[PDB]
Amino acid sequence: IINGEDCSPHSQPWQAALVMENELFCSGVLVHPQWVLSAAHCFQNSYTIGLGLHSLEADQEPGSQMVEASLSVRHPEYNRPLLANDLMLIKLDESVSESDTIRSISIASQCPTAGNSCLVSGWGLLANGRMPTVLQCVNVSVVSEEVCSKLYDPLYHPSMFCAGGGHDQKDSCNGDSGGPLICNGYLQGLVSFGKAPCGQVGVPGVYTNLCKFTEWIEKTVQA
């Protein structure tokens, strides 16, 4: 997260750390007690997922849990066309007990509104290229599909939307993939992709447009 700040501890209790070899590679979002939503590019054959974290060190962090997941399913059109449909659902091996520091967030059924201010959080790289100690929060504004399309042509696809691109250089960054973009309390997006470097003036980040996947998400979880 570029030009954000420390989230208040446990203020984003849906946040999931995807870790392997004790190194965070992506986040996810707890959407039901047994289901974590993440970007399809974060796919692995099995997962170790940290819930209720602030620092990534579980033994500090009372109430945290490191949970296991063997099953995940990527959206059937992921990467067709390139970078599109970047979502996947991870089914945890056990339902987690929710608490003050671990709980689910509802997914928006409405599509993003240009000009909305939204919150994104994660443990990815900072402006200075270092990693944060604790979970970072930043606010970014949604831009119109005409902006998104011009800036990412020919890669823009309705499964995506753009946020940020301000002069303030607020963005998500590498390591933030799969984490949440929250607009008015609903999960609107997942961090998906952008350009190098992150937080370029005038260049928004790209997010998975979850309003296009309501049917698929519901059909997958409910079966």
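One rule holds for the numbers: they count along the sequence shown, beginning at 1.
The mean C-alpha temperature factor is higher for 147 to 155 when 147 to 155 and 86 to 94 are set side by side. For the segment pair 125 to 133 and 73 to 81, the entry gives 125 to 133 the higher mean B-factor, averaged over Cα atoms. Looking only at 191, 58, 182, 160, the residue with the top Cα B factor in the deposited structure is 58. Note on the listed residues 172, 38, 64, 34: the highest Cα temperature factor in the record is that of 64. Sort the modelled residues of the chain by CA B factor and residue 9 lands in the highest third. Residue 50 sits in the lowest third of its chain by CA B factor, as recorded in the PDB entry. Split the chain's modelled residues into thirds by C-alpha temperature factor. Residue 197 is in the highest one. When the modelled residues of the chain are ordered by their C-alpha B factor, residue 210 lands in the lowest third. Among all modelled residues in its chain, residue 120 ranks in the lowest third by Cα B-factor.
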